Structures are given as structure tokens and as C-alpha cells.
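Below is one structure, written out as C-alpha cells, with a few remarks after it.
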Amino acid sequence: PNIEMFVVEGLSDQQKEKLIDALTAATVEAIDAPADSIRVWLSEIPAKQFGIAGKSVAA
Amino acid sequence: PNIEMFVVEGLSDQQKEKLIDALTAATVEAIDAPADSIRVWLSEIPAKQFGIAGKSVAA
Amino acid sequence: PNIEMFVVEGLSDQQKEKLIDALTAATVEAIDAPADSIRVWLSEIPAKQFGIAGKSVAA
Amino acid sequence: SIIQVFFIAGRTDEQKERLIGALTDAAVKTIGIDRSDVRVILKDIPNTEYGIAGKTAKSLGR
Amino acid sequence: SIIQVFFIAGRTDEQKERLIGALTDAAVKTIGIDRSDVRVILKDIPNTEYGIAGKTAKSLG
Amino acid sequence: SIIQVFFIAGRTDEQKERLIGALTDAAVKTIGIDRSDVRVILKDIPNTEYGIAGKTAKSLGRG
């Protein structure tokens, strides 16, 4: 499988490592998918470019 | 590498095959990625939901 | 300027093509972009494939 | 806040909802955001339209 | 209802802000989807990573 | 018409130029689309942000 998670920019490289693990583990056990077949990427979005209800996170 | 192509409907399963093969080969000779490392998926769009300049591929 | 909208399944054919011009004029209007440069394609995701707070639209 | 899954078609409807909840609970566990702003988008790709090593998933047993 | 715009880098922060709610309202209008659920992701792509007719946005414009 | 690549960072911009060309070249050779309707979105992902087997690409020695 393949996961693209869109996140706002306020996370450290350690949190990001812990999240790729968590997401990979979730797919392994909701679906019986092998881990080595799961590619996870984080698409980090600046808060001025992430919109929720017409309003930026930055606002 | 991972490749998503957005294509309009009307393509053969056989035409879809040679595209995956072609998208893969181009990625091998361009960034020297081994072919078995390239994942390709075509995400197909009906002509009525693919728009150019405010109007769908139906006209 | 390419736009992809993820929409849960069930919209009319009339209101989908209607969505495309709306989203296109919004970018022309905000970021001063020529019409012939904006492509808008709607991605039609089934209700059992769209999740909100861990729950499916079906539920 | 938004999780997009690209994966080969054929998984049960109940596997699909098991995933949506499992991925939401990963983000809420690990980042600490509110499940409310979590969106999980599942993209089934057919085996004739998903390729590995230049070969369709279908020719690969998939 | 999630929107993702792929666009060449360089747009101003006010133009970006202007784009999010512009797309949000347009969706609320025509589809009747509450602002509550219209997420708008904006992705800048460097000129050297955006392609028109197989050419980079740097060498074209 | 729109091709999107998700790939670990580290490649030269000269290489991304070949990639954009080669991908478009391949998509007009195969399904007869016009060059001028093809857009290639290239999305680099840092080592720290890309994962395989639950390990980051940096820990697998990739970028």
C-alpha cells in the first residue's frame, strides 16, 4: 500500500519517525498487509497554505 | 519512486499496460531507479469530471 | 495551477461540471491566473472510502 | 489531518473501515490531534491500473 | 470535501490566503457543503520541479 | 495528463529536468496525448519524511 499524510509544519524529525511507524503498524493490523510493502510519506504543509473553512491555520 | 498519473477515460487495459511500462522505463533511465523500485498507479477520471478552463473534457 | 477535489460519491453530472467552473474562476480571481492554465479534475471517492473521525460516511 | 491511501483493489468493505479507524487512531495517538479534523481517503486502484517493475498488478498475481 | 492545489512557487501570502476561502466558498455554493468540512491544501512546487510540455517552469517561465 | 512523482530527496535539478521530459515523452509516445496538455508535478520527500517497513529512509541508507 501507499500512504501520503498531509500534516501542518509543527513536527520534529523524531515525531515524524514515530508517525511513519504508527501509520505502518495501523495498516499491518487493520489489513493483513506486510510492513515491508507499505510506503509512507509525509507531505508537510506550511500553516499559511493549510485551509480549514476558508481560514488558514495561520489565522 | 511512486508515480500517479491522472488520465481521462477511454484507455484500454492494454494501453494502460504500456503506459505503466513507459512511465517506469522513463524513471529508470532518468533518475537511475531500478524498475522493481518504481510503483505506478493510474487514477482514472471520467471526461465529465476532468475540466480544462472551467469546462469538462466533454467540450 | 492544477486543482484536485476529493468528493464523496453522489453528485449530479450537472453540479459536478458546475463545480469545475466555480473552482476555476476562484483561482483566476484570487491569484490572477489565465483560464487556459487551470485544470480541475474531481476525484470521486465512494462513501465507504471517505473517513471522518475514524468513521465512514456510510456509518 | 488528511491521510490518503493508494492501494490495490479487492479489500473487503469491513477491512476498509478497519483501516480508516486504525489510521485516525494512529495520528490521534502519535501527534495528539483531535480525531475530528482527521480525514482518511481510500483510493482503490484496479489491478490493471497499478504497476510494479513495469508490470500490471494483475500479471503479478495481484 | 478536501481540495489540493498544485501551483508554481512564488505566490504571495495574501494571494494564498485569498485562494483558500475563495475555493471554500465556491464549493459551499455549488455543492452545498458546509465550510466546516472544506479543507484546502496548497502546495508550492519549485520552478525546477514543475513541468509544462516536458520542460521545467524555470526554462519556460 | 497530469503525472505526479513521490520520490526521496537527493536528486540533482538537472536530473529532475530529464525526469520531466522523459515522463512526458513516454506519455505522448504511448497514448497519443499532446505534449502541451501534460503537466509533471515533482514532489521530493526528505529522508526524515519517507518510510519503508516502518523505518525512515534515512535509517535505510537512501538519501
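Residues are named by chain letter and number: chains run A, B, ... in the order of the C-alpha cells, numbers start at 1 in each chain, and ligands are numbered from 1 in the order shown.
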Neighbours of chain A in chain D at 9 Å, counting only C-alpha atoms, as a PyMOL selection string
chain D and resi 1-8+11+15-27+29-31
N, CA, C and O atoms of the current selection, written as a short mmCIF file (atom, residue, chain, number, x, y, z; two decimals), in the first residue's frame:
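Dumped everything to selection-v8.cif:
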data_model
loop_
_atom_site.label_atom_id
_atom_site.label_comp_id
_atom_site.auth_asym_id
_atom_site.auth_seq_id
_atom_site.Cartn_x
_atom_site.Cartn_y
_atom_site.Cartn_z
N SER D 1 -3.59 15.68 9.37
CA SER D 1 -5.04 15.83 9.38
C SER D 1 -5.71 15.09 8.22
O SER D 1 -6.87 14.69 8.33
N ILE D 2 -5.01 14.90 7.11
CA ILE D 2 -5.56 14.22 5.94
C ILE D 2 -4.63 13.08 5.55
O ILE D 2 -3.46 13.30 5.24
N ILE D 3 -5.17 11.86 5.56
CA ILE D 3 -4.44 10.65 5.20
C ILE D 3 -5.03 10.11 3.90
O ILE D 3 -6.23 9.84 3.82
N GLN D 4 -4.18 9.96 2.89
CA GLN D 4 -4.57 9.42 1.59
C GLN D 4 -3.91 8.07 1.39
O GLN D 4 -2.69 7.95 1.54
N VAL D 5 -4.70 7.06 1.05
CA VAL D 5 -4.21 5.70 0.86
C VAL D 5 -4.40 5.29 -0.59
O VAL D 5 -5.52 5.34 -1.12
N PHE D 6 -3.30 4.90 -1.24
CA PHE D 6 -3.30 4.36 -2.60
C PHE D 6 -3.02 2.87 -2.49
O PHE D 6 -1.97 2.48 -1.97
N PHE D 7 -3.93 2.04 -2.99
CA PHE D 7 -3.73 0.62 -2.75
C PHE D 7 -4.55 -0.18 -3.75
O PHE D 7 -5.48 0.35 -4.37
N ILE D 8 -4.16 -1.43 -3.94
CA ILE D 8 -4.77 -2.28 -4.96
C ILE D 8 -6.17 -2.66 -4.51
O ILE D 8 -6.44 -2.84 -3.32
N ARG D 11 -10.09 -5.33 -1.36
CA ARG D 11 -10.21 -5.49 0.08
C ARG D 11 -11.67 -5.35 0.51
O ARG D 11 -12.43 -4.57 -0.05
N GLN D 15 -12.67 -4.47 5.94
CA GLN D 15 -11.25 -4.11 6.02
C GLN D 15 -11.06 -2.62 5.78
O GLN D 15 -10.19 -1.99 6.40
N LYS D 16 -11.85 -2.04 4.88
CA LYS D 16 -11.69 -0.62 4.56
C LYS D 16 -12.06 0.26 5.74
O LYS D 16 -11.40 1.28 5.98
N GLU D 17 -13.11 -0.09 6.48
CA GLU D 17 -13.45 0.72 7.64
C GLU D 17 -12.51 0.44 8.80
O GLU D 17 -12.24 1.34 9.61
N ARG D 18 -11.99 -0.79 8.90
CA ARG D 18 -10.99 -1.08 9.92
C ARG D 18 -9.75 -0.21 9.71
O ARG D 18 -9.12 0.23 10.68
N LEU D 19 -9.41 0.06 8.45
CA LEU D 19 -8.25 0.90 8.14
C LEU D 19 -8.51 2.36 8.50
O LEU D 19 -7.68 3.00 9.15
N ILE D 20 -9.66 2.90 8.07
CA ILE D 20 -10.00 4.30 8.33
C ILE D 20 -9.87 4.61 9.82
O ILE D 20 -9.25 5.61 10.21
N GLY D 21 -10.43 3.75 10.66
CA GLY D 21 -10.33 3.97 12.10
C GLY D 21 -8.93 3.75 12.63
O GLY D 21 -8.48 4.48 13.52
N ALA D 22 -8.22 2.75 12.10
CA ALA D 22 -6.88 2.45 12.59
C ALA D 22 -5.90 3.58 12.28
O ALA D 22 -5.03 3.88 13.11
N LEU D 23 -6.03 4.21 11.12
CA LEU D 23 -5.13 5.30 10.75
C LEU D 23 -5.45 6.58 11.51
O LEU D 23 -4.53 7.31 11.89
N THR D 24 -6.74 6.87 11.69
CA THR D 24 -7.14 8.00 12.52
C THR D 24 -6.55 7.89 13.92
O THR D 24 -6.09 8.88 14.49
N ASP D 25 -6.57 6.69 14.46
CA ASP D 25 -6.19 6.49 15.84
C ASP D 25 -4.67 6.50 15.98
O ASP D 25 -4.14 6.82 17.04
N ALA D 26 -3.97 6.24 14.87
CA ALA D 26 -2.53 6.44 14.81
C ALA D 26 -2.16 7.91 14.94
O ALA D 26 -1.32 8.27 15.76
N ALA D 27 -2.79 8.77 14.14
CA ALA D 27 -2.48 10.20 14.20
C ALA D 27 -2.86 10.79 15.55
O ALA D 27 -2.09 11.56 16.14
N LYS D 29 -3.14 9.18 18.28
CA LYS D 29 -2.23 8.67 19.28
C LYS D 29 -0.94 9.47 19.28
O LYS D 29 -0.50 9.99 20.31
N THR D 30 -0.31 9.58 18.10
CA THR D 30 1.09 9.95 17.94
C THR D 30 1.30 11.45 17.90
O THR D 30 2.22 11.97 18.54
N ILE D 31 0.46 12.18 17.16
CA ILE D 31 0.57 13.63 17.13
C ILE D 31 -0.25 14.28 18.24
O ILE D 31 0.13 15.33 18.76
#
Per residue of chain E within 10 Å of chain A, which atom pair is closest and at what distance in Å (one decimal), using only C-alpha atoms, listed by chain and increasing number, as a Markdown table?
| residue | atom | partner | partner_atom | distance |
| --- | --- | --- | --- | --- |
| E:2 | CA | A:52 | CA | 9.4 |
| E:3 | CA | A:51 | CA | 9.0 |
| E:4 | CA | A:50 | CA | 9.4 |
| E:5 | CA | A:49 | CA | 9.8 |
| E:13 | CA | A:48 | CA | 7.1 |
| E:14 | CA | A:48 | CA | 9.2 |
| E:16 | CA | A:49 | CA | 6.5 |
| E:17 | CA | A:56 | CA | 6.6 |
| E:18 | CA | A:54 | CA | 8.8 |
| E:19 | CA | A:54 | CA | 8.6 |
| E:20 | CA | A:54 | CA | 5.4 |
| E:21 | CA | A:54 | CA | 3.4 |
| E:22 | CA | A:54 | CA | 7.1 |
| E:23 | CA | A:54 | CA | 7.7 |
| E:24 | CA | A:54 | CA | 5.3 |
| E:25 | CA | A:54 | CA | 7.2 |
| E:28 | CA | A:53 | CA | 9.8 |
| E:34 | CA | A:53 | CA | 8.2 |
| E:35 | CA | A:53 | CA | 4.5 |
| E:36 | CA | A:53 | CA | 5.4 |
| E:37 | CA | A:53 | CA | 6.6 |
| E:38 | CA | A:53 | CA | 5.5 |
| E:39 | CA | A:52 | CA | 4.7 |
| E:40 | CA | A:51 | CA | 4.4 |
| E:41 | CA | A:50 | CA | 5.0 |
| E:42 | CA | A:49 | CA | 4.9 |
| E:43 | CA | A:45 | CA | 7.1 |
| E:44 | CA | A:49 | CA | 8.9 |
Can I get the selected residues back with N, CA and C atoms, as a PDB file, in the first residue's frame?
ATOM      1  N   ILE E   2     -12.174  17.822   0.423  1.00  0.00           N
ATOM      2  CA  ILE E   2     -10.786  18.258   0.533  1.00  0.00           C
ATOM      3  C   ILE E   2     -10.310  18.729  -0.835  1.00  0.00           C
ATOM      4  N   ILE E   3      -9.667  19.895  -0.867  1.00  0.00           N
ATOM      5  CA  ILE E   3      -9.140  20.492  -2.088  1.00  0.00           C
ATOM      6  C   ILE E   3      -7.625  20.603  -1.959  1.00  0.00           C
ATOM      7  N   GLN E   4      -6.913  20.259  -3.033  1.00  0.00           N
ATOM      8  CA  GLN E   4      -5.456  20.336  -3.086  1.00  0.00           C
ATOM      9  C   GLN E   4      -5.061  21.045  -4.372  1.00  0.00           C
ATOM     10  N   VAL E   5      -4.341  22.161  -4.262  1.00  0.00           N
ATOM     11  CA  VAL E   5      -3.945  22.917  -5.446  1.00  0.00           C
ATOM     12  C   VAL E   5      -2.438  22.758  -5.611  1.00  0.00           C
ATOM     13  N   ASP E  13       1.707  35.603   0.225  1.00  0.00           N
ATOM     14  CA  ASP E  13       0.963  35.005   1.330  1.00  0.00           C
ATOM     15  C   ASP E  13      -0.474  35.508   1.378  1.00  0.00           C
ATOM     16  N   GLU E  14      -0.717  36.742   0.930  1.00  0.00           N
ATOM     17  CA  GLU E  14      -2.086  37.239   0.850  1.00  0.00           C
ATOM     18  C   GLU E  14      -2.844  36.568  -0.288  1.00  0.00           C
ATOM     19  N   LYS E  16      -2.243  33.564  -1.280  1.00  0.00           N
ATOM     20  CA  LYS E  16      -2.504  32.231  -0.750  1.00  0.00           C
ATOM     21  C   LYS E  16      -3.733  32.246   0.150  1.00  0.00           C
ATOM     22  N   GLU E  17      -3.724  33.125   1.156  1.00  0.00           N
ATOM     23  CA  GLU E  17      -4.896  33.341   1.997  1.00  0.00           C
ATOM     24  C   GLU E  17      -6.134  33.618   1.152  1.00  0.00           C
ATOM     25  N   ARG E  18      -5.983  34.446   0.114  1.00  0.00           N
ATOM     26  CA  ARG E  18      -7.094  34.758  -0.779  1.00  0.00           C
ATOM     27  C   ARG E  18      -7.600  33.523  -1.513  1.00  0.00           C
ATOM     28  N   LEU E  19      -6.736  32.534  -1.740  1.00  0.00           N
ATOM     29  CA  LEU E  19      -7.128  31.373  -2.534  1.00  0.00           C
ATOM     30  C   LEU E  19      -7.935  30.361  -1.730  1.00  0.00           C
ATOM     31  N   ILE E  20      -7.646  30.228  -0.434  1.00  0.00           N
ATOM     32  CA  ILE E  20      -8.240  29.165   0.377  1.00  0.00           C
ATOM     33  C   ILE E  20      -9.745  29.370   0.522  1.00  0.00           C
ATOM     34  N   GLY E  21     -10.150  30.521   1.064  1.00  0.00           N
ATOM     35  CA  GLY E  21     -11.569  30.801   1.218  1.00  0.00           C
ATOM     36  C   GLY E  21     -12.284  31.035  -0.096  1.00  0.00           C
ATOM     37  N   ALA E  22     -11.561  31.501  -1.117  1.00  0.00           N
ATOM     38  CA  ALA E  22     -12.153  31.598  -2.447  1.00  0.00           C
ATOM     39  C   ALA E  22     -12.616  30.229  -2.927  1.00  0.00           C
ATOM     40  N   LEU E  23     -11.744  29.224  -2.812  1.00  0.00           N
ATOM     41  CA  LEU E  23     -12.126  27.862  -3.165  1.00  0.00           C
ATOM     42  C   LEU E  23     -13.169  27.317  -2.200  1.00  0.00           C
ATOM     43  N   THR E  24     -13.060  27.674  -0.917  1.00  0.00           N
ATOM     44  CA  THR E  24     -14.009  27.184   0.078  1.00  0.00           C
ATOM     45  C   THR E  24     -15.428  27.625  -0.259  1.00  0.00           C
ATOM     46  N   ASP E  25     -15.627  28.930  -0.463  1.00  0.00           N
ATOM     47  CA  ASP E  25     -16.959  29.448  -0.759  1.00  0.00           C
ATOM     48  C   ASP E  25     -17.525  28.830  -2.031  1.00  0.00           C
ATOM     49  N   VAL E  28     -18.958  25.614  -1.227  1.00  0.00           N
ATOM     50  CA  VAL E  28     -20.160  25.725  -0.401  1.00  0.00           C
ATOM     51  C   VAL E  28     -21.358  26.117  -1.254  1.00  0.00           C
ATOM     52  N   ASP E  34     -20.983  22.495   3.866  1.00  0.00           N
ATOM     53  CA  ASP E  34     -20.626  23.379   4.965  1.00  0.00           C
ATOM     54  C   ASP E  34     -19.135  23.711   5.008  1.00  0.00           C
ATOM     55  N   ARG E  35     -18.835  25.010   5.191  1.00  0.00           N
ATOM     56  CA  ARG E  35     -17.454  25.466   5.373  1.00  0.00           C
ATOM     57  C   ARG E  35     -16.715  24.591   6.369  1.00  0.00           C
ATOM     58  N   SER E  36     -17.440  24.093   7.373  1.00  0.00           N
ATOM     59  CA  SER E  36     -16.888  23.226   8.407  1.00  0.00           C
ATOM     60  C   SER E  36     -15.992  22.123   7.857  1.00  0.00           C
ATOM     61  N   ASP E  37     -16.245  21.656   6.633  1.00  0.00           N
ATOM     62  CA  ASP E  37     -15.583  20.456   6.138  1.00  0.00           C
ATOM     63  C   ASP E  37     -14.793  20.671   4.851  1.00  0.00           C
ATOM     64  N   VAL E  38     -14.590  21.914   4.419  1.00  0.00           N
ATOM     65  CA  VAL E  38     -13.831  22.194   3.203  1.00  0.00           C
ATOM     66  C   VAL E  38     -12.391  22.494   3.607  1.00  0.00           C
ATOM     67  N   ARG E  39     -11.509  21.521   3.409  1.00  0.00           N
ATOM     68  CA  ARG E  39     -10.087  21.696   3.660  1.00  0.00           C
ATOM     69  C   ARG E  39      -9.376  21.997   2.348  1.00  0.00           C
ATOM     70  N   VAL E  40      -8.456  22.958   2.386  1.00  0.00           N
ATOM     71  CA  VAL E  40      -7.791  23.457   1.188  1.00  0.00           C
ATOM     72  C   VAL E  40      -6.285  23.366   1.409  1.00  0.00           C
ATOM     73  N   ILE E  41      -5.640  22.416   0.732  1.00  0.00           N
ATOM     74  CA  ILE E  41      -4.197  22.210   0.815  1.00  0.00           C
ATOM     75  C   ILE E  41      -3.547  22.910  -0.369  1.00  0.00           C
ATOM     76  N   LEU E  42      -2.577  23.776  -0.095  1.00  0.00           N
ATOM     77  CA  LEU E  42      -1.845  24.498  -1.130  1.00  0.00           C
ATOM     78  C   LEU E  42      -0.414  23.986  -1.173  1.00  0.00           C
ATOM     79  N   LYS E  43       0.015  23.482  -2.328  1.00  0.00           N
ATOM     80  CA  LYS E  43       1.387  23.008  -2.455  1.00  0.00           C
ATOM     81  C   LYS E  43       2.142  23.831  -3.488  1.00  0.00           C
ATOM     82  N   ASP E  44       3.153  24.560  -3.016  1.00  0.00           N
ATOM     83  CA  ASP E  44       4.132  25.178  -3.895  1.00  0.00           C
ATOM     84  C   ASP E  44       5.039  24.115  -4.495  1.00  0.00           C
TER      85      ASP E  44
END
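Residue-level contact on chain F: within 9 Å of chain E, counting only C-alpha atoms, the set is residues 13, 14, 16, 17, 18, 19, 20, 21, 22, 23, 24, 25, 34, 35, 36, 37, 38, 39, 40, 41, 42, 43 and 44 of chain F.
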Just the selected residues (N, CA and C atoms), exported as a PDB file, in the first residue's frame, please.
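Dumped everything to selection39.pdb:
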ATOM      1  N   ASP F  13      18.772  18.889  -9.756  1.00  0.00           N
ATOM      2  CA  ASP F  13      17.744  19.567 -10.543  1.00  0.00           C
ATOM      3  C   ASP F  13      17.898  19.270 -12.031  1.00  0.00           C
ATOM      4  N   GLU F  14      19.134  19.055 -12.484  1.00  0.00           N
ATOM      5  CA  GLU F  14      19.379  18.583 -13.845  1.00  0.00           C
ATOM      6  C   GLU F  14      18.700  17.242 -14.090  1.00  0.00           C
ATOM      7  N   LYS F  16      15.951  16.107 -12.408  1.00  0.00           N
ATOM      8  CA  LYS F  16      14.517  16.374 -12.439  1.00  0.00           C
ATOM      9  C   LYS F  16      14.094  16.945 -13.785  1.00  0.00           C
ATOM     10  N   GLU F  17      15.023  17.588 -14.495  1.00  0.00           N
ATOM     11  CA  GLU F  17      14.735  18.078 -15.838  1.00  0.00           C
ATOM     12  C   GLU F  17      14.562  16.915 -16.813  1.00  0.00           C
ATOM     13  N   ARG F  18      15.507  15.965 -16.815  1.00  0.00           N
ATOM     14  CA  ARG F  18      15.325  14.733 -17.583  1.00  0.00           C
ATOM     15  C   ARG F  18      14.043  14.011 -17.205  1.00  0.00           C
ATOM     16  N   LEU F  19      13.784  13.882 -15.903  1.00  0.00           N
ATOM     17  CA  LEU F  19      12.589  13.171 -15.461  1.00  0.00           C
ATOM     18  C   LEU F  19      11.336  13.780 -16.074  1.00  0.00           C
ATOM     19  N   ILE F  20      11.175  15.100 -15.945  1.00  0.00           N
ATOM     20  CA  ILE F  20      10.004  15.776 -16.501  1.00  0.00           C
ATOM     21  C   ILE F  20       9.891  15.496 -17.994  1.00  0.00           C
ATOM     22  N   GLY F  21      11.004  15.629 -18.713  1.00  0.00           N
ATOM     23  CA  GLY F  21      10.985  15.352 -20.140  1.00  0.00           C
ATOM     24  C   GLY F  21      10.669  13.901 -20.448  1.00  0.00           C
ATOM     25  N   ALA F  22      11.420  12.977 -19.843  1.00  0.00           N
ATOM     26  CA  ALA F  22      11.258  11.560 -20.156  1.00  0.00           C
ATOM     27  C   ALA F  22       9.846  11.073 -19.851  1.00  0.00           C
ATOM     28  N   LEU F  23       9.257  11.546 -18.749  1.00  0.00           N
ATOM     29  CA  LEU F  23       7.905  11.124 -18.397  1.00  0.00           C
ATOM     30  C   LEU F  23       6.892  11.625 -19.421  1.00  0.00           C
ATOM     31  N   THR F  24       6.927  12.929 -19.720  1.00  0.00           N
ATOM     32  CA  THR F  24       6.083  13.478 -20.779  1.00  0.00           C
ATOM     33  C   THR F  24       6.332  12.784 -22.113  1.00  0.00           C
ATOM     34  N   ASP F  25       7.605  12.607 -22.486  1.00  0.00           N
ATOM     35  CA  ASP F  25       7.921  11.894 -23.721  1.00  0.00           C
ATOM     36  C   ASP F  25       7.261  10.523 -23.747  1.00  0.00           C
ATOM     37  N   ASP F  34      -1.240  15.063 -26.629  1.00  0.00           N
ATOM     38  CA  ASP F  34      -0.486  16.273 -26.882  1.00  0.00           C
ATOM     39  C   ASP F  34       0.516  16.532 -25.771  1.00  0.00           C
ATOM     40  N   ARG F  35       1.714  17.002 -26.149  1.00  0.00           N
ATOM     41  CA  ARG F  35       2.690  17.415 -25.143  1.00  0.00           C
ATOM     42  C   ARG F  35       2.140  18.538 -24.280  1.00  0.00           C
ATOM     43  N   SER F  36       1.453  19.492 -24.905  1.00  0.00           N
ATOM     44  CA  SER F  36       1.093  20.728 -24.233  1.00  0.00           C
ATOM     45  C   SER F  36      -0.001  20.547 -23.193  1.00  0.00           C
ATOM     46  N   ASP F  37      -0.668  19.392 -23.142  1.00  0.00           N
ATOM     47  CA  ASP F  37      -1.627  19.120 -22.077  1.00  0.00           C
ATOM     48  C   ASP F  37      -1.032  18.361 -20.898  1.00  0.00           C
ATOM     49  N   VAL F  38       0.251  18.015 -20.933  1.00  0.00           N
ATOM     50  CA  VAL F  38       0.850  17.190 -19.890  1.00  0.00           C
ATOM     51  C   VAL F  38       1.567  18.082 -18.888  1.00  0.00           C
ATOM     52  N   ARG F  39       1.220  17.929 -17.613  1.00  0.00           N
ATOM     53  CA  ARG F  39       1.917  18.573 -16.512  1.00  0.00           C
ATOM     54  C   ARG F  39       2.563  17.504 -15.642  1.00  0.00           C
ATOM     55  N   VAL F  40       3.787  17.765 -15.189  1.00  0.00           N
ATOM     56  CA  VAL F  40       4.511  16.856 -14.305  1.00  0.00           C
ATOM     57  C   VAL F  40       4.751  17.571 -12.982  1.00  0.00           C
ATOM     58  N   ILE F  41       4.169  17.044 -11.908  1.00  0.00           N
ATOM     59  CA  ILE F  41       4.352  17.582 -10.564  1.00  0.00           C
ATOM     60  C   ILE F  41       5.401  16.712  -9.877  1.00  0.00           C
ATOM     61  N   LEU F  42       6.524  17.305  -9.481  1.00  0.00           N
ATOM     62  CA  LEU F  42       7.598  16.579  -8.810  1.00  0.00           C
ATOM     63  C   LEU F  42       7.612  16.965  -7.341  1.00  0.00           C
ATOM     64  N   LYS F  43       7.478  15.976  -6.467  1.00  0.00           N
ATOM     65  CA  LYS F  43       7.316  16.207  -5.036  1.00  0.00           C
ATOM     66  C   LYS F  43       8.388  15.442  -4.280  1.00  0.00           C
ATOM     67  N   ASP F  44       9.520  16.097  -4.016  1.00  0.00           N
ATOM     68  CA  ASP F  44      10.570  15.492  -3.198  1.00  0.00           C
ATOM     69  C   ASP F  44      10.135  15.339  -1.745  1.00  0.00           C
TER      70      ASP F  44
END
